[PDB]
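To begin, one chain is listed below as structure tokens, in the form deposited in one PDB entry.
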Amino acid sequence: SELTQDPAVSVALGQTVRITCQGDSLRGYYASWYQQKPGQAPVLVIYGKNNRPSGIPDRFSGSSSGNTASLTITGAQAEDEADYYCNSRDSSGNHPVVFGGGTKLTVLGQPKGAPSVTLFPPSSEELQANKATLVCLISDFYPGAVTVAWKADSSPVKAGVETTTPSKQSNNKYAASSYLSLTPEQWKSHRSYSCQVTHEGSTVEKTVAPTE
């Protein structure tokens, strides 16, 4: 069979959340749970009947009842925000292994933060390599909704703009990056370039110039 779990659930800091995983392959063998943070490998948190590997706090507890296995996190913390997959082997046939759909766990109660913007002008080595790139780095903003606008001498610019999707930093705050690719003469012929970062109606703008 196959394992199904809700794609998302949220819990406040210090409270308890119960991630449920349902499937007919749970009565046969014992289920296991994994925690996966962005850009990292999964780590086993629960296996068997409520057995934790060495290094998992007692806040994580697992249980099973019929065709339903559950992962309970008591006193949730900000460090517990990750994806959680159930895993079990089916008890019939060649016994194939099936993964659950995963459950994105959000820990609510985090303070909101205005974005911090750092704009880098093109390095002289890149210019001497006959290429220009403006690096606009954004970080430490929550929620992770941010729109970016570039300006050449106060005129909006859309050609050559590439902005990454907002990703989660280790402090659970969001961060993103924006790049504007230019030619060494497009850079030197203007008076200034700017990076407008909007976050809940409040905009932060940083400006670089070739003369400085």
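Throughout, we count residues from 1 along the sequence that is shown. What we label the rigid core is the largest C-alpha set whose atoms superpose within 1.5 Å from one form to the other.
- Once the C-alpha B-factors are averaged per stretch, 150 to 158 and 32 to 40 rank with 150 to 158 first.
- Stretches 88 to 96 and 102 to 110 differ in mean C-alpha B factor, with the higher average recorded for 88 to 96.
- Ranking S194, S202, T16, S10 by Cα temperature factor from the entry places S202 first.
- Ranked by Cα temperature factor within the chain, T74 sits in the highest third according to the deposited record.
- The PDB entry assigns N51 a C-alpha temperature factor belonging to the middle third of its chain's modelled residues.
- In this PDB entry, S65 carries a Cα temperature factor that places it within the highest third of its chain's modelled residues.
- Per the PDB record, residue ranking by Cα B-factor puts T183 in the middle third of the chain.
- Per-chain ranking of the deposited C-alpha B factor places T163 in the middle third.
As for the form deposited in another entry, it is not shown, yet the points below apply to it.
- Lining up the core between this form and the one not shown shows that one residue from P42, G48, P184, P53 moves its Cα 2 Å or more, and that residue is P184.
- Once both forms are fitted on their core, the CA shift for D24 between this form and the one not shown remains under 2 Å.
- Comparing the forms between this form and the one not shown, the C-alpha position of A129 differs by 2 angstroms or more, with the core used for superposition.
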